[PDB]
Structures are given as structure tokens and as C-alpha cells.
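The block underneath contains the structure these notes are about, expressed in C-alpha cells.
In this chain, residues are counted from 1 in sequence order. Counting convention: from 1, in listed order, for ligands and their atoms alike. Keep in mind that the numbers below use all heavy atoms, side chains included, and drop hydrogens, waters and symmetry copies.
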Amino acid sequence: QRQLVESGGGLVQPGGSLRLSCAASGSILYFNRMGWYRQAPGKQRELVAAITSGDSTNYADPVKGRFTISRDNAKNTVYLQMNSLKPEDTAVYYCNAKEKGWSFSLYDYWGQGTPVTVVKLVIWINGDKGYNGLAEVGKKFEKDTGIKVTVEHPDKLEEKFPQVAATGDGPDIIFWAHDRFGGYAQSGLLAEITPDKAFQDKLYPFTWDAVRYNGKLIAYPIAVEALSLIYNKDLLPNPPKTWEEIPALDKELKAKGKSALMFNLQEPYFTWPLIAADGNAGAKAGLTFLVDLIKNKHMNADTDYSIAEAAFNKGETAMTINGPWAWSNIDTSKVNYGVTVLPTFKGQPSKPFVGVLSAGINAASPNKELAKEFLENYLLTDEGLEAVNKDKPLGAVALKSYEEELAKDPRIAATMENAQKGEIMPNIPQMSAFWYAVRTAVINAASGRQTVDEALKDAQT
Ligand SMILES: OC[C@H]1O[C@H](O[C@H]2[C@H](O)[C@@H](O)[C@@H](O)O[C@@H]2CO)[C@H](O)[C@@H](O)[C@@H]1O
């Protein structure tokens, strides 16, 4: 008879190309029209291109400018050169031919169909983390599978993910401290994690508890992070063990054109350890001290992550409060630094909030099994976490196999010291409203708008 046989269907990265070819068992001269139709899962037939015996070629608006329908009457084949591909293209492509038999009537002919897959693995992780190293793991994944792994780091991703991932597509996998994940889980923005016992057993059982909401695993634990006191050993060999002796040290250092302590005052995660050192009466004590530092001109009013980091790395401030991730940038600079216990306030220790960096799969993602493969077999491995860690340090990784290397690092010891003096954040959905209440409270008291007693009043509501 005159059967049509399609070919060239495979997997490709968006922006890549594919040449579909449909050969017939008869001369294409006899056909009136030849063309390509596509069908995506659960959708109607969509014509993409057609070519008539008159050499006129038409295309659908989505593929127009990107696809060309060609014909070779010698090879008895119709082609579809698909250039600059997109995820919307993903579908089963079918070849169609129409023929006018010698009389008035016509004959429609179809092929088997050829599957075309345009998949891209997109990861959202914060810009203060090791996205370049995470990309080196993503580059090894594409070598062993053929899937593209792009790594994105957009600003305000913790509050841009639940808006974009709900409505739009957003990322496949989202990386953030475990505390934000309960709100995503309650809203239905995260797929339930189902890792086999052998993978499950590779990580510390306490780390899995942080990524659990209502008896369901909602993410993969990566690493335990806690803030420590980072100090310049040359400007300050015996740094303050107490918060209350910093004003004296600052008077001493300001005479030599140097600050004592500069850290991010805008984000409440950095000011919370001082606020929670005693506790209420503890929050009032801790914050009043922080307010007195800005009131005594020891710290700047709008001290943010960048000017604090830059000032410490430049060698302008003797101390800073930051996490594991910040160390690599200090190593890049020529600063002999030390990481140590956070200063004590009112004798008791400053209790930082402990975060578990965790990777969750977006509920509205088609690549859920491909992301599980990346996370399990490529990222959460001795080799995978080493790549991320040599870019920007992860802190105390959740991988059991890393115990000896973590224990050999003095900065990890100081991180674990502060993590024990602190406490793990509950993952609850109210954490977002809580953090916002503390973010405003600290900024208002820092700038000089609301009083310390009125800040805890508005925050407890
Ligand atoms: O600032 C409040 C903010 O703090 C925590 O976020 C940390 C994040 O966990 C760290 O990995 C680091 O990058 O800095 C963030 C603060 O700058 C909480 O996880 C987050 O919910 C909260 O908004």
C-alpha cells in the first residue's frame, strides 16, 4: 500500500534542534498536501506545518519563524526542521498526506507518530549559596542522561516561589532552609518525597525530621546551617566572648579607623540570636542592646549583607556574623579569619536559629522523577556535595559519609557549637508572618520610628 513512516523523535534542550523525517511507500508527486500535526498529552490535534503540491508552505503561529517544512520528491520524504525548541513544543508528532484518487474523492493517510521531548531541569537556590558548584553537578547529570540543568538565583525567591509556582511553572526543584517549606506544603505547592530505605539511610535521621510536615516528607535535607562569629585574627586575636564588651572594643578600634562588628541588620535571622539570648523580658533586653549600638554610632543604621561582607573582607571591620556559605569569599580575600562561638548576652548564650538547607520538588512540575534522580543519585552523594561545598561551603552536611571531613574543619566545629546553643526552626505555615513581624520590628527600632516596648506589642499580635 502507501504507508507513512516518521523518524527523528527524541529528547532535546530548549533552544536545541530536531529534524523529523516522514518517508512514504509511494511517490509524493501523487499527494496533494503533506503536513505535520502534533498531540501533547491530554490535548486536541494541532497542525504545525503543511506543504501543498503547489510548493506553498503554511505554519501555526506558535511554531512560525522557528520551524521549516521541506520536501524531497527524490527521497519521497517530507521534513520538519525544528529549531530553537521550547517546552510548549513537547508532543507526539504525526505525518499526514492527502491524495485525490482519479475521480472526485480524496484519501487521508497518517503515520505511526514520533515523540519529541523538550525538557529542561530548572533549580531555584539563593545567590549566597554555591550555584556554580550545583551547576557542575547538573553538568555531570546531562552527560549521563541528556537533560539540561540550569541553576537560577532570583531575588526574594522565598516569596516569589509560592506566587509563581502556584500560577505559572516556576522551578522543578526549590532550595531554601526547611522553615519556609511548611507553608508551601500546607498551600499544596510541594510534591511528597518518597525515597527508598537505602537512600533514606544515607542521611542522619534527625535531618529527615526537619523536612517532615504532617507525617509526609516534603523535601530532601542537604545541610545544617547556623550563624557564627567570623573575626579577623590580625585586628582582633582574642575576640569578645560577651556582647556587652563590644562597645569598649569599638571605641578602641574606631580610634584606629576600624569598626568592631558589622553584620546584616536588615534580615532578622542575623539579629535574632542577640534578641533570643535571654528569652518577654529577654526580647526587650536583647533588642534594647542592639538599639543602643546604633544609638551610640557603633553600627550603621542601614547595614546590609553586602556592605557588611565587603567591609569585613576589605579589612575595615574586626568582626561579622554570617554562615558557612560566607567563608569562601573571605578565603578569596587576604584576611586571616576565624569562626567562633557567638558572643554571650547577660551571661547566657546568643541562641541563633538553625536552618536545614533542603531541596523540595514543585507540585506543578512534570519532571518529578527526573528531579528525584538528580537529587538522590547525583546531588546527595559524597561527590555531589563536595562540588557544591568547594564553591561555597554548605555547613554541616546531612550526608553521614561526610562526618569525618566535617569534624576535621575548625569552622564547622564553631558552627555546630552555635547550632547547639540555638534551636531548629519549626517548619509551620505561620513562620512567614512571624519572620515579617520580626523584620519590620527590628528595622523600625533600628531606624528610630517605634519604641522597643511597642515593637514586641505589634509583633505578638
Ligand atoms: O532573615 C529572615 C530569613 O532568615 C532565614 O533565611 C536565611 C537562610 O536560611 C540562610 O540560608 C541565609 O541565606 O539567609 C537567610 C536570611 O538572610 C529563614 O530561613 C527565612 O525564612 C527568613 O525569611
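- We find the CG-OG1 distance between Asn264 and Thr271 to be 8.5 Å, quoted to the nearest 0.5 Å.
- Closest heavy-atom contact between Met262 and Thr317: N-OG1, 3.4 Å.
- The minimum heavy-atom distance linking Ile361 with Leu375 is given by the pair CG1-CD1, 4.3 Å.
- Ring to ring, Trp272 and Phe353 are close: their centroids are under 6.0 angstrom apart.
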I'd like the atom pairs linking ligand 1 to the protein - N or O on both sides, separation under 3.5 Å - with distances to 0.1 Å.
| residue | atom | partner | partner atom | Å |
| --- | --- | --- | --- | --- |
| ligand 1 | 1 (O) | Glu267 | OE1 | 2.7 |
| ligand 1 | 1 (O) | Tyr269 | N | 3.4 |
| ligand 1 | 11 (O) | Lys129 | NZ | 2.7 |
| ligand 1 | 11 (O) | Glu225 | OE1 | 2.8 |
| ligand 1 | 13 (O) | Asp128 | OD1 | 3.4 |
| ligand 1 | 13 (O) | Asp128 | OD2 | 2.7 |
| ligand 1 | 13 (O) | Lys129 | NZ | 2.8 |
| ligand 1 | 19 (O) | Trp176 | NE1 | 3.3 |
| ligand 1 | 19 (O) | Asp179 | OD1 | 2.7 |
| ligand 1 | 21 (O) | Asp179 | OD1 | 3.4 |
| ligand 1 | 21 (O) | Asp179 | OD2 | 2.6 |
| ligand 1 | 21 (O) | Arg180 | NE | 3.3 |
| ligand 1 | 21 (O) | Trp435 | NE1 | 3.4 |
| ligand 1 | 23 (O) | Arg180 | NH2 | 3.1 |

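- No close placement of the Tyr213 and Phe181 rings is indicated, their centers lying 6.0 Å or farther apart.
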message = Would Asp179 and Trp435 count as a side chain to side chain donor-acceptor pair (under 3.5 Å) here? Give the steps.
response = CA-CA 10 Å; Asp179 77 293; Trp435 282 124; 3.0 Å; yes

